[PDB]
Amino acid sequence: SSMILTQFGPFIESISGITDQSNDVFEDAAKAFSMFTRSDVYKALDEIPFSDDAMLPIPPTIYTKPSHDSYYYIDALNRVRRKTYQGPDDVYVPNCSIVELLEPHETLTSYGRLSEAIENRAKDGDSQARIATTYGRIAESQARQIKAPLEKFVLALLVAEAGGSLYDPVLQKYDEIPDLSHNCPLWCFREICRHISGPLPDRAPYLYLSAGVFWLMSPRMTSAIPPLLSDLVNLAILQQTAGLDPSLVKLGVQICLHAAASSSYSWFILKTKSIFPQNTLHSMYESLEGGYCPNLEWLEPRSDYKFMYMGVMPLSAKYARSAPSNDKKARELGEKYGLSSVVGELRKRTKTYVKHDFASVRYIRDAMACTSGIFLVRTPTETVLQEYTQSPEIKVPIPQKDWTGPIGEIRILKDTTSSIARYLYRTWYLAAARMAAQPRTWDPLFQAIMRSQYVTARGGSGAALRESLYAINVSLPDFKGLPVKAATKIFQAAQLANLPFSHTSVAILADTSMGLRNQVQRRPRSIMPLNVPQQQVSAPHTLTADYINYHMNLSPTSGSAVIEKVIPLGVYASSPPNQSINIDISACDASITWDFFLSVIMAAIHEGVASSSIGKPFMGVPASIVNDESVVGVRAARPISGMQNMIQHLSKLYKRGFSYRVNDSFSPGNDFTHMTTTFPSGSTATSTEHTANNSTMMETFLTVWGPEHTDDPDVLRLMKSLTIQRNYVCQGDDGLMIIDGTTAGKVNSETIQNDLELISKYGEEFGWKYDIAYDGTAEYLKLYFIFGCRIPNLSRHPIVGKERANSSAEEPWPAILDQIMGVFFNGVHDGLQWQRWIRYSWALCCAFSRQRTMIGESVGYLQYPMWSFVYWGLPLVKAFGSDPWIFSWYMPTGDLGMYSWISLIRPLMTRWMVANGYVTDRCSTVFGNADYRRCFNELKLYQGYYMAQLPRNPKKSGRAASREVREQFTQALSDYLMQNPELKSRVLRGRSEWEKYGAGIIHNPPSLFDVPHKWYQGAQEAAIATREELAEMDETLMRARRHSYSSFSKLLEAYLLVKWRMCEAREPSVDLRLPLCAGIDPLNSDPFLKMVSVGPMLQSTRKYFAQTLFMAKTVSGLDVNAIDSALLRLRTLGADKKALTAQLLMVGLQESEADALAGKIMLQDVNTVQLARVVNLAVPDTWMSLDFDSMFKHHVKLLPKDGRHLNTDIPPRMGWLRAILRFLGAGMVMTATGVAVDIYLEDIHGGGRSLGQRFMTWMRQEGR
RNA sequence: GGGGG
RNA sequence: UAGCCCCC
Ligand SMILES: Nc1ccn([C@@H]2O[C@H](COP(=O)(O)OP(=O)(O)OP(=O)(O)O)C[C@H]2O)c(=O)n1
Ligand SMILES: Nc1ccn([C@@H]2O[C@H](COP(=O)(O)OP(=O)(O)OP(=O)(O)O)C[C@H]2O)c(=O)n1
Ligand SMILES: Nc1ccn([C@@H]2O[C@H](COP(=O)(O)OP(=O)(O)OP(=O)(O)O)C[C@H]2O)c(=O)n1
Ligand SMILES: [Mn+2]
Ligand SMILES: [Mn+2]
């Protein structure tokens, strides 16, 4: 460690709280990181005096592996395939030798790539050559699922840990996290690699590059080493930063060693991934003596997902695990995969926890951080053949006799059907009618928003559409000469803009291109990039599904994103007396087929939508005639609406199936079109659709089936007390059945077990295999809960991991920084040990802050000052002679955050600056007599500040665009959007109205007329950048670094005029013995103190924020937050109502709605959060898990502590100031380490009035 | 672009 | 060729 100490000495102390941070030391540390050679990191690793406890037997078979050749074969269709041995799952990358297939690299003679000879033979068509190429390309792919070379993360860890234990400012003692000599993962990493390199001078087992992966030419290297090493590094970092129990961590290493010792690392990982969760989380408290859990009340209406904390629920034996024991299956699993030693140890330790508390949840969390974090990989061919093959077993089909004769592509489900489909059909029919009945549905704007949803910069099987169209002699415009990417639905929209639906209808049946996605702890999933006409025609399906979800059930719309996964719901559901069943449906997409679901859904919508859609087109789709054969004998023609025409065309596609075009670039010669009946993922209907069926069937079970299939009084009573509107929350195929508890305790476990078994049997009737789980735990949207405590899963957030489905190279340097910041933010949300995490993050950041640049032998270097990271959100450890660790990771981002940390030490800074020569006679309002301008330019604080705000990726705008084709394109886009003259007429009105009442007040008027331009830009910025555009990006960053400044942004200079007084610590908002988030306990002072004093966010963040906008949606391309900001700004700038009415007309509203919302906005008392947007202030993401609403309202006093001040008084017409002022106070409170404190407005330099004018100038100048 | 179903 | 839905 002397190697590390010498090279990063001063920097190490700067990030350990011992010495101040300085850009000079930081940049040198950066240069040192870049000058360190890979092999040096290993040499550094050798310098570590590892303890015996950090060692464990390493399997010799991890090095000696068979040839890959017996693991593959050519199938009947000539595709290269993986040959199974351990089951139908054994389709991943096998653990084999690989050096025999490599050619030494010219220069790195010890490293090699796949023999060019072998690929050439493979390309010629040689079976053996193809097999070898496939293996080589997929093994390479497996090794690319990381963000950057492992050595960088390791070096970072060495540098960070060289600082020793950290002194907690709050607890006033050093932490007791074992040093690296006790880190088993690192030891293994060094040994495994050393053993591989053997006598070779090169210590790296492989090199992650841009030109591709290269393997160390050693007979001991295996295709399984990259994944193994990647798991070890994560575990190594986590043991030091999450303060994980070392003994547990070793268990995680053993599993990984076993995975590398097996015949397939990924496969083995997939089969054993439940070990830690099953033997801890799902086995906790078989016995229970005490502890406390939350006591929440679910407010009304439950749909708001709003809860209120009511105290603590004392625990006792009464609440011990009552759910069935998983011991047997868990042990069988361990025995089957050679891990019974691990399962047994976990089972034993889990039993020792008889109290539910911080210690016990941290144990679970720790255990669950040890699961491999690799993104499983297998060839595309394998994913497609495993996911689009299995078909649902409909044990009780809809009788053929129950369908009427056809009505085009659909058949009505006779109302005399005794089938359970009866209910599924009624729900979709009902919702279809109500949806189509809504007036908004027939508003040109609404239909523009819908037509604009799928017009995006992402793909849409562009090539297949062009050819399915060529098949009927219809050639689309090619716009020869435009600098935009052609494979975008945006390009598609422009091509189709001026063609009648009848000419593009065939495209609805065009093939579907391949799209893949790798996941952690899961298998790769195939994706279907539907084309514009396919997405268009899917509208009715999507809208009806949305209507069901918004009006008929209890569901959360989104994908996930911590807190957006409604944390509050899990706390409630998992807290005794309450209990929850974690319902999930396997093979969801493959279970939604025409045989039972789609034929019914298509029918119900087609019919229920009839009367209100009659005699009318929809979203560009015309009405038409179709053959009618409903009645027997009677055969006529039937007029249907455009909406019906859509269902008509969509039904034709759902019936036939999807032609998936598979071009497997990892498997030479594996080109085939696979037909499948599995439901599309890339469809706008997918998510909402599955959510709707989920609740609909659960409703039917609880209302009909269940009751009719049992006479058991308790079960009948239990089911009767459950409602899909009050007790069942779902999204897609995930479900959470919440059984509220009584004073008599919780509902009988045996009665619950009966209900579940019936649900299970119930789904077999229509092809659904319910994955039900009753284990005393709550699991929803990959969020884990036990006894009201959230258990972060560190396993799913691989520090070094990064999904990479395609072969394309990683984005140019700059890009990596956003990823590193994301790694930091995940740690904040996962609750790692704040100091250890912050210090490590500074090391990591520093190690990626420098890049070598080229301009033609013009070898320079791009360096980001430490200050850029602060701007991005990374808190300072110690600066300007301040105490160490005074800054919390809840410090805001950007200007708000800069304001916060600077205000907390304004005086320290001023004093430091003067005592170091930065003095002047001019007395600064913020920094007194400190020559701040000279200081900030020299320290690179201004530089870093501005560099952080520059594009971290090449720009394509400015590419020579031949004006004529450029106008044709944007015209096509315009016609697509402005199809309906009514809409256009609306915007033109807003326009001339704007010139009279709004023009001049603000300069950011959002307008539908901009969309075509924003769409063009999007298609542009989607294309591959050139090396020139790259240089241009660097030059920009480098010019900002050279330039010298005299101030911060106009908004930051304005906030700095405001001063506060931090006062009394707040009282606890929740009980301090209450486990809310594992890892967030008295051992993690700042996070814990913030959680306790500020309080947890007990409402859904989606619901909360939906109340901070006047309009929820708008045409894709415009920014809802932008529209909201313009309206409020106009109001704040004294604009007349007619001006807001004009703004609203320009974004598509009818004059009546426009005038109404405008008049409504004028007289409204706007909330803190919504109002703060007038100046671009947003609630920080890191704050989302806390009760920031309460902080703004009751703990940021705008009235000075000692009464009113002339400067602090808020002018009559400037009440909007209070919202901005609330954010600034909150900033300082949240940025200060420790307990949330009450803060009092102390001063505003030039007074409130002048502050307001200052903000009003910023407002009216945006976009000039 | 980032983090997540 | 590389989809859809969400927090900044
Ligand atoms: N990028 C993504 C990720 C997920 N999904 C959707 O999420 C839904 C279900 O999620 P999973 O549980 O992850 O998919 P399953 O096929 O059901 O996996 P298996 O039963 O193992 O869980 C269906 C799928 O289309 C999606 O459209 N796009
Ligand atoms: N002032 C410097 C010089 C080099 N590098 C880093 O070095 C790496 C590759 O170049 P080297 O071959 O390692 O640089 P050398 O200067 O030739 O090595 P040193 O003096 O020991 O010889 C990439 C580049 O960013 C750097 O960050 N800053
Ligand atoms: N913004 C960037 C990114 C990369 N390059 C050029 O790309 C070439 C090699 O790519 P890298 O592998 O990304 O650069 P290295 O210095 O070899 O190391 P890495 O980015 O970790 O620093 C050399 C470098 O000048 C550049 O000029 N400007
Ligand atoms: Mn599922
Ligand atoms: Mn699921």
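This entry, as listed in the PDB, derives from X-ray crystallography and reports a resolution of 2.50 Å.

1. As for the overall build of chain A
Along chain A, the regular secondary structure elements total 51 helices and 34 strands. Here chain A has a C-alpha radius of gyration of 31 Å; the compact-globule value for 1264 residues is 33 Å, and the two agree. Long-range pairs, those at least 24 residues apart, make up 79% of the contacts in chain A with a sequence separation of at least 6. As displayed, chain A has an accessible area near 48000 Å², and 50% of this comes from carbon and sulfur atoms. Taken together, the 130 basic and 126 acidic charged side chains of chain A have centroids lying 3 Å from each other.

2. Looking at the coordination of the manganese ion (ligand 5)
Within the protein, the manganese ion (ligand 5) binds to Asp 584 (OD) and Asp 733 (OD); these donor distances fall in the range 2.3 to 2.7 Å. Judged by its relative accessible area of 22%, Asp 584 is partly exposed. Taking relative accessible area as the criterion, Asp 733 reaches 23% and is therefore assigned partly exposed.

3. A word on the coordination of the manganese ion (ligand 4)
In the first shell of the manganese ion (ligand 4), the protein supplies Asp 584 (OD), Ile 585 (O) and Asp 733 (OD), at 2.2 to 2.7 Å from the metal. Mapping the donors of the manganese ion (ligand 4) onto the primary sequence yields the spacing D-I-x147-D. Here the manganese ion (ligand 5) and the manganese ion (ligand 4) are spaced 3.3 Å from one another, each receiving a donor from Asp 584. Accessibility expressed as a relative area gives 2% for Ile 585, which makes it buried.

4. With respect to the site of ligand 1
Inspection of the region around ligand 1 gives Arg 517, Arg 522, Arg 523, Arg 525, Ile 585, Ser 586, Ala 587, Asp 589, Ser 681, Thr 686 and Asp 733 as its neighbouring residues. A distance of 2.8 Å separates an oxygen atom of ligand 1 from a polar side-chain atom of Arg 525. Burial of ligand 1 by the surrounding chains reaches 66%, relative to a free accessible area of 590 Å². Here the shell around ligand 1 is composed, by residue class, of 2 nonpolar, 3 polar and 6 charged.

5. Points about the sheet that holds strand β17 (residues 579-586)
Sheet architecture is open: 4 strands sit in the order β22-β23-β17-β24, paired in antiparallel fashion. Where the open sheet ends on each side, the last strands, each with one partner, are β22 (728-731) and β24 (769-771). Looking at each pair of strands side by side, their axes are set apart by 25° on average, direction ignored. Examined bridge by bridge, β17 and β24 share 3 bridges and lie antiparallel to one another. Residue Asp 584 lies in a different strand from β24, and its bridge partner there is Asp 771. In the packing of helix α28 (residues 686-708) onto the sheet, contacts are made with β17, β22, β23 (734-739) and β24, and the angle to β22 comes to roughly 150°.

6. Description of unusual backbone geometry
A cis amide bond, omega 0°, links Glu 300 with the succeeding residue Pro 301. Examined against the element boundaries, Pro 301 turns out to sit in the loop between β9 (290-298) and β10 (307-314). At the junction of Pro 576 and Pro 577, the peptide bond is cis and its omega measures out at 0° in the coordinates. On the secondary structure map, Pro 577 appears in the loop between α23 (567-574) and β17. Here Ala 561, not a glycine, exhibits a phi torsion of approximately 70°, which is positive.

7. Considering the domain arrangement of chain A
Taken domain by domain, chain A comprises domain 1 (1-379), domain 2 (380-889) and domain 3 (890-1264). Just the C-alpha atoms count here: the centres of domain 1 and domain 3 sit 39 Å apart. Around 2100 Å² of area is buried between domain 1 and domain 3 when both sides are counted, 64% of it from carbon and sulfur atoms. The largest per-residue losses of area from domain 1 upon contact with domain 3 belong to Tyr 309, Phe 358 and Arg 362, which jointly make up 32% of the total buried on that side. For the pair domain 1 and domain 3, the interface holds 2 salt bridges. Where domain 1 meets domain 3, there are 9 residue pairs in polar contact.

8. Digging into a nonpolar patch on the surface
On the surface, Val 631, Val 632 and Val 634 cluster together into a nonpolar patch covering about 310 Å² of accessible area. Assignment of secondary structure puts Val 631 in the loop between β18 (624-628) and β19 (636-640). Among the residues examined, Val 631 registers a relative accessible area of 49% and is labelled partly exposed.

9. Points about the protein's contact with RNA strand C
In the region of RNA strand C, 32 residues are neighbours, and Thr 456, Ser 461, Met 514, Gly 682 and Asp 1181 sit closest. Looking at RNA strand C alone, sugar and phosphate atoms form 73% of those within 4 Å of the protein. With respect to RNA strand C, the side chain of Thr 456 contributes an N or O atom lying 2.7 Å from a phosphate oxygen. At a separation of 3.0 Å, a base oxygen of RNA strand C approaches a polar side-chain atom of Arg 517. Considering only residue class, the surface near RNA strand C consists of 9 nonpolar, 16 polar and 7 charged.

10. Details of the protein's contact with RNA strand B
Around RNA strand B lies a shell of 14 residues, among which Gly 559, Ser 560, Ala 561, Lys 565 and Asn 826 are the nearest. Of what RNA strand B places within 4 Å of the protein, 78% of the atoms are sugar or phosphate. Note that a sugar or linking oxygen of RNA strand B is positioned 3.5 Å from one of the side-chain N or O atoms of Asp 818. The contact in question runs from a sugar or linking oxygen of RNA strand B to an N or O atom on the side chain of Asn 826, over 3.2 Å. Residue composition of the surface near RNA strand B, grouped by class: 1 nonpolar, 6 polar and 7 charged.

11. So, the side chain of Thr 441
Locating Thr 441 in the fold gives a position in the loop between α16 (421-437) and α17 (444-453). From its side chain, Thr 441 meets the backbone oxygen of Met 435 in a polar contact 3.0 Å long. With residues near it in sequence (within four places) discarded, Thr 441 still touches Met 435, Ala 436, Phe 446, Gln 447, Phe 618 and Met 643.

12. Brief notes about the UniProt feature "domain: RdRp catalytic" in chain A
Under the feature "domain: RdRp catalytic", the UniProt entry names residues 554-791. Along residues 554-791 the backbone is 39% helical and 22% strand, and the end-to-end C-alpha distance reaches 24 Å.

13. What to know about the sheet that holds strand β7 (residues 206-207)
A sheet is described by the order of its strands in space; here 4 strands give the open sequence β3-β4-β8-β7, paired in antiparallel fashion. Each edge of the open sheet is held by one strand with a lone partner, namely β3 (102-104) and β7. When strand β4 (residues 111-114) meets strand β8 (residues 214-216), the two strands line up antiparallel, connected through 2 bridges. Note on β8: the bridge partner recorded for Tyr 111 is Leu 216.

14. A short note on helix α19 (residues 489-496)
Most of α19 sits out of view: 8 of its 8 residues are buried. Taken together, the buried positions of α19 are occupied by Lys 489, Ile 490, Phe 491, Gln 492, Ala 493, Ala 494, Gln 495 and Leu 496. Looking at the buried positions of α19, the neighbouring elements they touch are α18 (462-470), α20 (501-504), α21 (532-537), α38 (963-977) and α40 (1011-1020).

15. Remarks on the pairing of β9
Put simply, side chains in a regular strand alternate between the two faces of the sheet. Pairing between β9 and strand β11 (residues 355-356): 2 bridges, direction parallel. Among the inter-strand pairings, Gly 290 is bridged to a residue of β11, identified as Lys 355. Pairing geometry for β9 and β10, over 6 bridges, is antiparallel. For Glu 297, the partnering residue across the bridge sits in β10 and is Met 308.

What counts as what
- Residues numbered from 1 in each chain as written, not as in the entry; some residues may be left out.
- Chains lettered and ligands numbered in written order.
- Heavy atoms only, no water.
- Helix = DSSP H or I, 4+ residues; strand = E, 2+ residues; numbered from the N terminus.
- Rg over C-alpha atoms; globule rule 2.2 N^0.38 Å.
- Contact = heavy atoms within 4.5 Å.
- Areas by Shrake-Rupley, 256 points an atom, 1.4 Å probe, with all protein chains shown as cover.
- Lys, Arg positive; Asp, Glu negative; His and termini not counted.
- Charge placed at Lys NZ, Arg CZ, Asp CG, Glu CD.
- Donors = N, O, S within 2.8 Å, 3.2 Å for Na, K, Ca; no water.
- Buried < 20%, exposed > 50% of the residue type's maximum accessible area, 1.4 Å probe, protein only.
- Near = heavy atom within 4 Å.
- Polar contact = N/O pair within 3.5 Å; in protein donor to acceptor, adjacent residues only side chain to side chain.
- Nonpolar A, V, L, I, M, F, W, Y, C, P; charged D, E, K, R; others polar.
- Pairing = 2+ DSSP bridges.
- Axes fitted to C-alpha atoms, helices over the stretch in contact; angles between N-to-C directions.
- Domains from an automatic or database assignment.
- Buried area = accessible area lost by both parts, 1.4 Å probe.
- Salt bridge = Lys/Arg side-chain N within 4 Å of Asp/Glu carboxyl O.
- Patch = residues over 30% accessible without salt bridge, like charges linked within 9 Å, V, L, I, M, F, W, Y side chains within 5 Å.
- UniProt positions renumbered as here; feature names shortened; annotations may be inferred.

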